[PDB]
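Enquirer: So that we are looking at the same thing, I have put the structure below in structure tokens.
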There are 4 protein chains.
Amino acid sequence: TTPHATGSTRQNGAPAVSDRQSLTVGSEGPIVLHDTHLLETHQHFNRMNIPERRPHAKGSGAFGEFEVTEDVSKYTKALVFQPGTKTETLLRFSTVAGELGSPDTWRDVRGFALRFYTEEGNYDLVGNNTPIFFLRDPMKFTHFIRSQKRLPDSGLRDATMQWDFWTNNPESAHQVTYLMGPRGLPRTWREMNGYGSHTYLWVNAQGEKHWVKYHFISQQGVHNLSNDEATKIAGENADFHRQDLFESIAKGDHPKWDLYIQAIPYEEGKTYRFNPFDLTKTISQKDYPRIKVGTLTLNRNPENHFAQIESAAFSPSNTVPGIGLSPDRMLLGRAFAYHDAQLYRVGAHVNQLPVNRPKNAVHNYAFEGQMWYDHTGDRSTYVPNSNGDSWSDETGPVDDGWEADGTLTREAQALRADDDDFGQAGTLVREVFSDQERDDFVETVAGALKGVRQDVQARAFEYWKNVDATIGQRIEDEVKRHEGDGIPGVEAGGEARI
Amino acid sequence: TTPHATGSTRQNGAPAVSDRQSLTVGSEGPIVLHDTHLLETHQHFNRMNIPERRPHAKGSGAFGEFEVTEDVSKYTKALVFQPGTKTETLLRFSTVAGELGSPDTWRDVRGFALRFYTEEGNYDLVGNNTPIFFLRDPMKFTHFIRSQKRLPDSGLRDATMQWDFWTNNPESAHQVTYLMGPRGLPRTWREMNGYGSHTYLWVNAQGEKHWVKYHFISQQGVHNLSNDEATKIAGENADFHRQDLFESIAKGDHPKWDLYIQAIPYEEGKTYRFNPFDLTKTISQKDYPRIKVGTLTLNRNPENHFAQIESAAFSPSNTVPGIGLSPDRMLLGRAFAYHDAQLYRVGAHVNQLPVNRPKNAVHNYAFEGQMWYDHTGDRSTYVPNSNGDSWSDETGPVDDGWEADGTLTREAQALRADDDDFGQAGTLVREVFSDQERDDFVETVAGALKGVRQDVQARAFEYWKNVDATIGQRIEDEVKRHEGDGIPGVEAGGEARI
Amino acid sequence: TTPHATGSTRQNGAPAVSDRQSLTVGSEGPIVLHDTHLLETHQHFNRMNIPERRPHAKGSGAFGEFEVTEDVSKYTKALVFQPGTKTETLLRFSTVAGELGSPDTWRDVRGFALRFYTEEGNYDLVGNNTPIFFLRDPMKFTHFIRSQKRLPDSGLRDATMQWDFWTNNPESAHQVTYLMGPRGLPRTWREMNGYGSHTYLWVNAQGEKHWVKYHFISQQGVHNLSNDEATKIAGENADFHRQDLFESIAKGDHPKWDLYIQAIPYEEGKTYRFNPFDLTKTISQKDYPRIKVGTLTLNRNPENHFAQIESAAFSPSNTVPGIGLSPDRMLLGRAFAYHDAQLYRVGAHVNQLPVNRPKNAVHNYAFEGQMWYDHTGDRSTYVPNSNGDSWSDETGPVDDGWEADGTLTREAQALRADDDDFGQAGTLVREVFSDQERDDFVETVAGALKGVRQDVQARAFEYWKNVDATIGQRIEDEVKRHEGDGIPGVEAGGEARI
Amino acid sequence: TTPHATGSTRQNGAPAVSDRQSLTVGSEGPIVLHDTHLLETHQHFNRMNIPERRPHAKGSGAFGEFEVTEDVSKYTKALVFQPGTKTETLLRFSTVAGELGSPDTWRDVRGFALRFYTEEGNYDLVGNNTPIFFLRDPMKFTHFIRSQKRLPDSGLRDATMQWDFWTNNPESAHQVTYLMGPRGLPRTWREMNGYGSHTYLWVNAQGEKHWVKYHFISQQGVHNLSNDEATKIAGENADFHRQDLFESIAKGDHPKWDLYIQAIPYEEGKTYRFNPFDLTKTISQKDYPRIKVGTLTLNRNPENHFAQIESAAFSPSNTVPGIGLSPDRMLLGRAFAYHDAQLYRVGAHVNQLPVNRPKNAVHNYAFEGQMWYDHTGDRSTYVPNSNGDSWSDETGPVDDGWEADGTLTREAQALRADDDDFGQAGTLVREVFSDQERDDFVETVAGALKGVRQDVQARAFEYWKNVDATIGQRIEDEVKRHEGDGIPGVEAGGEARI
Ligand code: HEM
């Protein structure tokens with residue numbers, strides 16, 4: 001390359017001389033302090049690792065395209081969803097509880113984090129493989145995730161801790177049912193569905209509002225593993241899902257999902273018999289049918305997993321005109337939490353990394369900070385200014401809001417006509433599952449309760465009977481026989497657990 | 001507790017009001033920005049995770065005691081090793097390559113990181129479960145560990161990458177042989193040996209020097225798993241070793257190790273037929289027999305894994321009077337690398353956390369920094385000073401050094417009479433292993449090579465024949481039949497690997 | 001100390017050998033990499049500095065006591081303010097705009113950050129030396145502080161930037177008037193008043209609410225410097241105020257302030273003719289007289305400025321039972337902003353440092369994180385739990401809240417009968433100032449406008465005439481003559497400014 | 001810009017709606033948690049500040065060009081210094097002790113940090129405005145800089161602390177003399193000289209070595225301020241030097257310096273009568289005359305001070321082929337210290353920021369880490385590899401080294417024939433200074449000693465008499481009369497100092 005090149009450089013671009021031997025006083029002498037290549041390479045090595053995500057540490061993803069094939073402009077003005085629009089995407093899939101090195105095939109929720117690189121900013125639909133969640137207020141989320149992780153003394157996951165939390169938070173029943181059913185163990189990420197879970201707001205060009213749910217239905221179908229199959233794979237190939245996705249795309253097999261929405265008129269949000277602002281509820285498709293939007297295709301692997309996947313930073317706060325948040329307390333907490341975490345995990349300038357940069361021009365009032373790659377030159381740092389550096393100042397009601405009235409309180413959401421903690425779980429068990437899925441569900445839940453401390457087991461029997469009397473008694477009977485499946489990723493009992 | 005108590009507090013000690021519901025405008029309204037308990041708890045949640053160690057992320061440990069039962073005062077003045085001395089200890093065990101959530105029973109080196117809380121400072125013997133390592137110069141260490149981790153695009157571990165590195169760094173053969181043998185898969189941490197690996201310096205009260213090796217021989221014996229058993233356990237119980245140690249201690253079964261040293265007179269370090277400063281070499285016990293020192297017992301579990309184990313920060317730089325480093329280049333690099341990493345991983349004041357604090361008084365010229373818990377009051381910040389705040393100023397040759405002479409160079413260490421890359425590996429295969437261990441070794445190495453890119457396989461056949469002609473041909477034959485064990489933690493081949 | 005002691009230790013407690021010479025190969029040879037004392041001391045030196053506060057970087061403080069001498073229990077149940085109560089305090093004083101090394105005697109607001117170490121938590125009254133501020137919505141605060149700091153290209157403070165911001169944000173007029181008056185240059189921190197500025201909520205034992213203002217009236221009186229005196233001191237003694245406070249306390253002269261409150265009945269908050277929730281307004285003492293509470297005395301210097309002052313972390317979120325926030329948007333933003341900044345500035349565990357620790361027991365649901373000094377042992381990490389580890393779950397309206405009703409909006413606060421941007425500023429100029437203070441005010445404002453770009457000057461003449469026609473014309477006349485005082489800390493004009 | 005644009009964006013590129021009002025429940029209601037623009041802008045504001053440099057916090061700079069106008073190829077092969085070569089440069093000037101906001105015109109050393117963006121990497125000559133320094137071993141540097149900063153309790157600079165350190169470290173006398181002379185107060189950065197201070201190694205194309213000193217002689221001459229003038233300016237314009245440089249360049253007045261070297265043959269380094277490896281010594285120009293190299297011109301201001309100046313990261317480790325370090329212990333410590341500090345101050349990827357990026361291609365074995373902007377794709381992470389990703393492996397003696405022989409020691413450097421602590425200082429006072437400069441020097445040193453604790457004063461009288469008997473007695477006489485200049489930036493005495 002250069003006249004004095006050696007095959008590699010230091011960080012300043014000068015030849016490095018050797019990537020294989022340190023600088024010593026003769027062959028037998030000590031290493032000198034001024035081996036600057038040894039220092040730079042080791043100091044960087046020592047700073048490669050970054051905090052893993054909490055939750056959703058273990059995951060991978062791919063790039064692709066979304067194509068709108070229907071007309072939903074009467075519901076939203078968002079550029080990404082206008083007729084015919086094609087938009088580049090990034091999708092990261094993940095588990096929830098396990099850490100960076102944990103097996104892909106533990107029983108768990110899966111993440112479905114989808115970025116659209118739109119012409120009006122990065123739009124992130126940060127979803128999961130379920131339409132609901134375990135909780136309806138974000139104050140509980142910290143407790144839930146800690147209960148899914150490790151005991152403070154022994155450092156082991158513990159089903160007693162998990163069930164102690166779930167049984168004492170009965171709002172969890174709908175999603176625990178989903179988790180313990182077939183879909184707790186996707187065969188591949190290509191063979192699971194994605195969902196927004198929350199109600200979001202869509203706003204059309206005239207300002208009319210609808211409450212919407214997102215459903216990404218896999219064109220590869222929904223295919224799952226048994227507990228025993230998933231345990232075997234966890235030992236044989238801890239990266240089975242990561243490998244599957246990369247190999248599939250490398251061979252030219254590009255997985256697809258069709259996006260559908262449900263759309264509730266603004267005024268009906270307040271009156272519907274299930275609370276659309278309660279993340280533990282689904283909305284009936286008889287009442288609000290699915291409406292097709294378009295198709296997502298994944299077609300391109302990362303070239304650098306760490307820079308393009310590990311360093312990606314998704315957030316529900318990354319809305320675009322035509323799409324807003326909703327009165328769902330969980331979503332409102334998420335609006336804060338992701339960006340906050342990313343400032344620590346990645347850095348203040350996380351959104352300047354290529355994968356997080358929008359396609360359109362950023363004109364944002366933020367300056368300085370560590371690792372400021374793309375600076376603002378001599379632009380004004382304040383507003384209004386007399387130097388022609390524009391700012392925003394729209395006054396009055398926003399286009400993507402709603403109304404509220406009351407005293408400051410900490411209390412449960414008011415119940416709609418058909419709201420409770422157990423009924424939708426019961427519909428899932430009784431009406432949605434097949435007989436074989438119910439049989440497997442009993443083996444799963446009974447196994448998940450094996451070795452759990454008996455006080456917690458007794459509460460779990462009541463919890464499951466509240467879901468469904470028959471399933472609850474079947475579970476109790478099997479637990480009392482000390483039978484049930486091993487659950488990949490967690491157990492109970494012994495001197496190192498509760 | 002207090003007149004207005006609610007059951008828990010915020011970070012300022014005031015009652016928190018609720019750990020279960022956020023502060024909203026009426027039951028149905030949005031969360032307010034000034035829910036300071038929601039903010040504090042989520043912002044802390046978002047900062048719980050710290051960078052995992054690189055390497056040795058996955059591990060656990062226990063506290064105990066070392067008791068000296070022999071007299072080695074003619075070799076060292078170190079307080080911890082004087083006759084009859086009992087000293088509190090902490091031992092962290094670990095794998096090497098896998099991340100925080102990876103299975104305990106992957107094939108790998110194990111760490112054996114032992115702190116002695118001595119009356120003259122914390123003395124750390126940061127060992128492994130092998131007396132040797134893969135490399136003899138720290139410039140190569142970064143490359144080696146990266147080769148043991150993941151491919152840059154797909155994020156998969158890859159045996160092709162591992163073997164490409166090993167075959168191109170034939171100094172690795174002694175330790176690769178040990179790793180691929182029985183001891184690559186300890187049954188429990190209680191049933192493996194520990195070693196310092198490096199030569200260290202011991203200095204007696206009169207200033208005489210000896211070069212020493214440390215050997216911690218388990219009183220529970222050395223017991224290992226087959227590849228197939230370890231794979232099965234990796235799926236069924238990713239924390240098998242962590243659980244075993246905690247349960248053992250909880251039941252009152254306290255594991256023990258007997259410490260022995262080898263002691264080489266100072267002048268013989270330069271002349272010995274194997275280089276004692278080459279980390280790829282063992283020293284013959286016929287030439288330098290083992291000398292008993294005393295016994296290590298583990299007897300107490302952590303009460304908080306994260307604060308006492310994850311936040312522990314060991315370093316070979318933590319020598320005490322009577323114990324020094326040596327001309328081993330690897331050890332000299334380690335003297336820098338651990339403390340450096342810990343400043344990033346934990347923080348500038350890592351050594352003020354309780355687990356890292358010495359028992360004796362610290363009087364160190366370091367002030368200020370983030371998270372400064374134990375400040376120095378009005379003590380002088382400079383030396384010499386006229387205010388009675390003491391300092392050190394010993395001049396001339398140190399008590400724990402050695403000589404050097406030469407020009408600044410980057411080159412391999414000079415060979416002693418019997419030094420090479422393959423001979424000690426060959427003794428291990430031919431003379432130490434049993435017939436059954438050799439049979440299993442062939443199945444292990446052949447399995448480890450299954451699916452590896454053929455150029456790299458061909459280099460590996462030559463590497464193994466250089467270790468031993470017979471074993472190398474047996475391995476080659478089996479690889480050419482496409483037979484061999486699955487290796488827990490890594491594979492080769494397919495569209496997502498080299 | 002120890003048998004092998006040398007006068008100081010390394011971080012592990014072992015003797016350091018020398019604080020004065022590095023470890024070299026002979027007297028003439030290179031420094032070796034394994035000079036671990038050189039490495040530890042330099043790596044700590046390189047991590048001593050922490051981000052300075054933004055704003056309020058330049059400051060110092062002292063400890064003391066608050067004594068309640070009146071009965072205000074009909075207004076608040078807070079333990080700190082019950083009859084006869086004595087509470088330890090910490091007070092940090094500061095400027096606003098200048099950085100860590102800037103002169104104490106620049107013209108500026110001064111901070112008055114007061115912690116009470118109460119028996120129900122740390123209560124922080126984070127005040128200033130003025131009862132008002134420049135702004136009424138926190139979205140503008142970032143812009144304001146940046147406008148008070150440096151131009152993006154040249155790195156100079158610039159009065160053109162300052163006035164461009166102020167004139168385009170006429171809500172600033174009340175506080176700009178106060179700043180440009182006598183009190184912009186306190187002689188000492190002992191000779192200025194402190195104020196909460198915001199309306200806070202006080203809640204009594206029966207739950208009745210009052211809106212309150214805090215006033216700390218110096219027993220040393222209010223004494224100020226001229227611009228010329230303060231400029232001279234800025235050159236001669238950049239730490240004049242820091243030195244004054246430390247010397248005063250060292251000699252036994254303990255400064256005092258008497259605390260008074262104004263108390264507005266809950267329902268009158270909504271109806272009062274000035275908006276008590278607008279930080280740009282004072283509340284008439286004819287309408288709501290001052291009510292004495294007690295006396296603050298400072299009596300003890302820090303022993304370590306960095307650990308006790310620089311590392312102190314105050315926050316308006318640190319309320320205690322009996323004291324809450326208010327509908328003032330600025331205060332609601334502050335509830336978030338301080339703790340957030342401190343996580344970056346100091347660390348996640350900022351509130352475990354001794355100066356930030358409460359006196360009462362903390363029982364908070366936060367675990368792990370870097371630099372975790374005081375761990376929670378095996379306490380449950382989730383709620384509810386079946387292990388006897390308590391939590392909070394009060395449901396329904398909080399005791400320290402209020403009501404709201406409307407659509408989500410971004411707009412100015414509604415005007416009360418007597419609200420505007422200029423009238424209270426005009427009362428200050430016309431009715432409060434003396435003739436000599438008005439003369440000096442003209443010289444100050446005219447000087448502050450010298451060299452300012454003419455478009456901005458023209459807007460400033462209109463701004464000042466809106467405050468008071470007479471003062472505005474006097475200022476304009478003097479600016480058009482190119483006369484006025486030099487203002488310590490800032491100027492305008494030349495090729496490096498707007 | 002976009003169909004729904006508002007004048008500015010959030011960090012994701014979506015319209016921000018307002019930079020001036022927060023999102024509230026009606027005009028009178030609270031701010032909602034999901035005001036994501038308020039959150040992003042405040043969280044960034046709270047992370048703008050970065051640790052200031054230690055030392056050399058206060059500074060500024062400009063870009064320019066170096067032009068070689070002579071032929072020094074017989075001494076170096078470095079591309080930047082070959083005949084006729086023109087290279088872009090960046091120069092940052094600074095004080096040493098004061099913090100980010102301190103006045104530019106305090107008495108102090110000035111930095112002269114010069115980067116050349118060469119075709120073989122960034123070459124940094126990190127100099128000062130003096131050819132010598134206070135110390136000859138880096139172990140003392142931490143102590144020295146702390147002694148130049150603030151007392152641990154009161155937070156004041158203290159001349160007693162400064163002189164306690166200097167008098168107890170008599171190696172300081174040469175540079176203290178220079179500092180206390182005329183050049184302690186440059187009028188502008190344009191009117192001071194720059195120096196490398198250390199001996200560096202130059203290596204020619206044939207491998208022959210010379211020891212070199214760098215001298216940058218200002219074409220604007222050397223012009224200084226009196227103590228009284230500099231004190232006055234410190235109050236009136238704390239940024240006088242920063243402003244001067246920016247204004248000069250903005251008007252088209254481009255300051256210049258001529259670079260000269262001294263060149264000592266390799267073998268004469270060992271024998272010269274002053275130790276060229278002792279940073280407290282100059283080398284006689286009668287013995288080794290200055291040899292012209294070329295001319296530096298500054299011609300371009302930053303467009304963004306923070307990104308281009310504050311975030312610049314210079315290091316003596318940034319050598320290029322043809323230029324190496326030397327046996328000077330101070331320089332060898334600097335090889336480690338700068339890069340280390342920058343990892344904390346700026347970040348692991350500091351050298352990827354535009355100002356720190358080389359012009360030539362970087363091919364460095366470092367991957368991952370926070371804020372990784374320019375990733376390496378699928379490049380191999382290890383060496384040797386079988387994938388065509390090059391590395392370095394030069395073996396044997398380096399081209400830019402030297403010899404050493406001895407035992408590991410901590411001791412002073414051996415004295416050459418003419419080495420001592422006081423003689424060169426004495427030549428400066430007696431032979432270099434004029435009568436008026438000597439008169440001013442007495443007033444400066446006597447002023448610097450005013451109020452210093454008497455034990456330290458007595459040691460200072462002996463120190464100055466050792467420099468020169470006459471000057472020392474003149475200083476003592478004046479100190480005993482309680483006369484001398486005020487010294488800008490520091491004083492002694494009173495209850496807040498020693
Ligand atoms: C062993 C002694 C020394 C050590 C350990 C040392 C260390 C440091 C460190 C850590 C910094 C801050 C770097 C950063 O954060 O970017 C610094 C800055 C600086 N030092 Fe040194 N220093 C020493 C001696 C010297 C000498 C002798 C000179 C000149 C010949 C010098 C000139 C400078 C300059 C000019 C800067 C500021 C660079 C800039 O403008 O960014 N230092 N020093």
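Labels for the structure tokens follow display order: chains A, B, ..., residues from 1 in each chain, ligands from 1.
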Distance limit 7 Å, atoms considered: only C-alpha atoms. Which chain C residues sit that close to chain A? Return them as number ranges by chain.
Expert: C: 30-33, 143-144, 146-147, 152-153, 164-165, 168, 377-378, 381-386, 395-398, 401-411
Enquirer: Would you mind listing the residues within 7 Å of ligand 1, counting only C-alpha atoms and all ligand atoms, as a ChimeraX atom specification?
Expert: /C:46 /D:53-56,59,92-94,111-113,126-128,133,137-138,141,195-198,312-314,330-331,333-334,337-338,341-342,345
Enquirer: The selected residues should be written to file as a compact mmCIF listing (two decimals), in the first residue's frame (atoms: N, CA and C atoms).
Expert:
# COMPACT_ATOMS: atom_id res chain seq x y z
N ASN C 46 -6.13 9.46 34.85
CA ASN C 46 -6.83 9.66 33.59
C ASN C 46 -8.36 9.54 33.70
N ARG D 53 -10.04 17.49 29.41
CA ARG D 53 -8.69 16.93 29.45
C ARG D 53 -8.04 17.18 30.80
N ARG D 54 -7.22 16.20 31.21
CA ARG D 54 -6.32 16.36 32.34
C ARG D 54 -4.89 16.01 31.89
N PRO D 55 -3.95 16.95 31.90
CA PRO D 55 -4.10 18.41 31.99
C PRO D 55 -4.51 18.99 30.62
N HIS D 56 -4.37 20.32 30.48
CA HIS D 56 -4.57 21.02 29.22
C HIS D 56 -6.07 21.14 28.83
N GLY D 59 -8.34 25.38 25.95
CA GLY D 59 -7.58 25.55 24.73
C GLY D 59 -8.47 25.71 23.52
N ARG D 92 -3.71 22.40 18.25
CA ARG D 92 -4.44 22.85 19.43
C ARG D 92 -3.44 23.45 20.43
N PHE D 93 -3.75 24.66 20.89
CA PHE D 93 -3.02 25.37 21.92
C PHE D 93 -3.83 25.30 23.22
N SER D 94 -3.15 25.44 24.36
CA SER D 94 -3.84 25.30 25.65
C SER D 94 -2.97 25.84 26.78
N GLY D 111 0.43 24.40 25.85
CA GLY D 111 0.52 23.31 24.89
C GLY D 111 0.59 23.78 23.45
N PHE D 112 1.22 22.90 22.64
CA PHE D 112 1.45 23.11 21.21
C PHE D 112 1.31 21.73 20.54
N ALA D 113 0.06 21.29 20.39
CA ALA D 113 -0.25 19.92 19.96
C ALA D 113 -0.53 19.93 18.45
N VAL D 126 3.28 16.28 19.84
CA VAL D 126 2.48 16.85 20.93
C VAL D 126 3.46 17.63 21.81
N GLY D 127 3.64 18.91 21.50
CA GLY D 127 4.67 19.72 22.12
C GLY D 127 4.10 20.70 23.14
N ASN D 128 5.03 21.53 23.66
CA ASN D 128 4.71 22.62 24.58
C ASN D 128 5.46 23.87 24.08
N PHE D 133 10.82 20.14 30.46
CA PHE D 133 9.70 19.94 31.38
C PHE D 133 10.26 19.89 32.81
N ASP D 137 10.86 11.54 35.17
CA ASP D 137 10.29 10.20 35.29
C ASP D 137 8.76 10.37 35.44
N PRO D 138 7.98 9.60 34.63
CA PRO D 138 6.53 9.80 34.61
C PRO D 138 5.82 9.42 35.90
N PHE D 141 4.61 12.53 37.46
CA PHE D 141 3.77 13.47 36.70
C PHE D 141 2.40 13.67 37.33
N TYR D 195 7.84 23.52 20.84
CA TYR D 195 8.97 22.61 20.93
C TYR D 195 8.46 21.20 21.12
N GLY D 196 9.19 20.22 20.58
CA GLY D 196 8.89 18.85 20.95
C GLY D 196 9.27 18.50 22.39
N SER D 197 10.25 19.23 22.93
CA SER D 197 10.85 19.04 24.26
C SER D 197 11.71 17.77 24.32
N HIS D 198 11.08 16.60 24.13
CA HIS D 198 11.83 15.36 24.13
C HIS D 198 12.74 15.23 22.92
N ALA D 312 -10.78 16.36 19.45
CA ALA D 312 -9.48 15.93 18.93
C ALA D 312 -8.72 15.18 20.02
N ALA D 313 -7.96 14.16 19.59
CA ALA D 313 -7.28 13.25 20.52
C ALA D 313 -5.87 13.02 19.99
N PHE D 314 -4.91 13.77 20.52
CA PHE D 314 -3.53 13.71 20.08
C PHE D 314 -2.75 12.69 20.93
N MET D 330 9.98 9.87 30.32
CA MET D 330 8.74 10.64 30.24
C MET D 330 7.98 10.33 28.95
N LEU D 331 8.72 10.33 27.82
CA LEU D 331 8.10 10.03 26.53
C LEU D 331 7.51 8.62 26.49
N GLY D 333 6.31 6.94 29.03
CA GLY D 333 5.04 6.99 29.74
C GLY D 333 3.92 7.64 28.91
N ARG D 334 4.25 8.73 28.22
CA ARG D 334 3.28 9.39 27.34
C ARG D 334 2.77 8.45 26.25
N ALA D 337 -0.15 6.94 27.99
CA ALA D 337 -1.13 7.68 28.79
C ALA D 337 -2.24 8.37 27.98
N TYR D 338 -1.93 8.87 26.79
CA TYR D 338 -2.90 9.70 26.06
C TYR D 338 -4.05 8.85 25.53
N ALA D 341 -6.32 7.76 28.32
CA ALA D 341 -7.24 8.79 28.77
C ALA D 341 -8.39 8.97 27.77
N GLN D 342 -8.06 8.93 26.47
CA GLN D 342 -9.03 9.20 25.42
C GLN D 342 -10.13 8.14 25.34
N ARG D 345 -12.30 9.61 28.04
CA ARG D 345 -12.75 10.97 27.78
C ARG D 345 -13.75 11.02 26.61
Enquirer: Determine the nearest neighbour of residue 218 (chain B) from the options B:271, B:297, B:2, B:466, counting only C-alpha atoms.
Expert: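 Closest to residue 218 (chain B) of all the choices is B:297.
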Enquirer: Just give me the gap between CA of residue 43 (chain C) and CA of residue 391 (chain B) in Å, one decimal is fine.
Expert: 18.9 Å
Enquirer: If you run DSSP on the backbone, which residues of region 239-282 of chain B are alpha helix (DSSP H), as a ChimeraX atom specification?
Expert: /B:240-250,268-271
Enquirer: Taking 5 positions as the minimum chain separation for residues in the same chain, which residues sit within 12 Å of region 414-416 of chain A when counting only C-alpha atoms? Answer as number ranges by chain.
Expert: A: 136, 269-278, 281, 421; B: 26-29; C: 396
Enquirer: Closest to residue 324 (chain D) among A:176, A:97, A:432, A:14, using only C-alpha atoms?
Expert: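 The closest residue to residue 324 (chain D) is A:14.
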Enquirer: If DSSP is run on the backbone, what residues of region 219-300 of chain B are strand (DSSP E)? A reply as number ranges by chain would be ideal.
Expert: B: 256-265, 291-300
Enquirer: When you draw a straight line from CA of residue 11 (chain A) to CA of residue 99 (chain B), how long is it in Å?
Expert: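 Taking CA of residue 11 (chain A) as the start and CA of residue 99 (chain B) as the end point, the length is 27.2 Å.
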Enquirer: Can you list, as a list in words, every protein, DNA or RNA residue that comes within 9 Å of residue 66 (chain A) when you count only C-alpha atoms, leaving out same-chain residues fewer than 2 positions away?
Expert: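 In the requested format, the answer is residues 64, 68, 80, 85, 86, 87, 88, 89, 116, 294, 295, 296, 297 and 298 of chain A.
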Enquirer: Please, what distance in Å, to one decimal, runs between CA of residue 173 (chain C) and CA of residue 483 (chain C)?
Expert: 22.3 Å
